[PDB]
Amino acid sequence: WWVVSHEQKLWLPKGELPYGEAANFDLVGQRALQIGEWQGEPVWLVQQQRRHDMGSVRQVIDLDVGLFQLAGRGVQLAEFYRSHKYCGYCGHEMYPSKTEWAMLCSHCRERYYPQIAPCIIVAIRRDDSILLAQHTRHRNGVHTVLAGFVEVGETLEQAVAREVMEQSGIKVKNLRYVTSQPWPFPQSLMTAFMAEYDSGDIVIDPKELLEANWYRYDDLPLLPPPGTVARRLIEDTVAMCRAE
């Protein structure tokens, strides 16, 4: 597998992740780093830009989960190296380590390691209903649960409460951890919670959400596809709402 990546995009001839060999992809004489293995065969990363067919990681989301994770990991690793061409501490140019995935500074002892951004996702239940919302940046017509990034100095539970307050203005109680899941393109670790309505009315921040409302277990809108963590949280919340 050949993952040719640049500026958070990857080369996708015809929408396909390159597979086969370098002679047919103009990788002859270029540098490549083996980043993984899928179906018993190596997966390669090439830091090179292409005149046409460069594409985002979302386009290859329909692929095998192992292969999708590996392709996005390569994109993140190429972006990691791009993000630390210069050392943040002193400004001098850096170079990649030959022993581990990291950047070393030519001038000072400091170094960088790939960032995993911890984040939360939470389904809020109010009696017979669940809070679902559409996003302003991703106006795909799908109603889903709330999510956000964990900040320095807060717990996963504090991140949930803050993000719900910022995005919808609701106070929640009885947080319950369900599961967790690694997302490759932006590298991050999402943790899944369930929550119960405590108090407050829906006030949305338009710069994050297009709309939000309480939807009854017997009246659900367009939901995330089965197999996603968001849909699992919704299905577990709805099962409980139906049961109660």
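Counting begins at 1, following the sequence as shown.
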Looking only at CA atoms, which has the higher mean B factor in the entry: 133-141 or 162-170?
133-141
Mean C-alpha temperature factor, higher of 188-196 and 41-49
41-49
From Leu175, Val60, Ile202, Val178, pick the one with the largest CA B-factor in the entry?
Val60
Within this chain's modelled residues, let me know which third the CA B factor of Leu223 belongs to: lowest, middle or highest.
middle
Chain-relative CA temperature factor third for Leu12:
highest
Which third of the chain does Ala23 land in by C-alpha B-factor: lowest, middle or highest?
highest
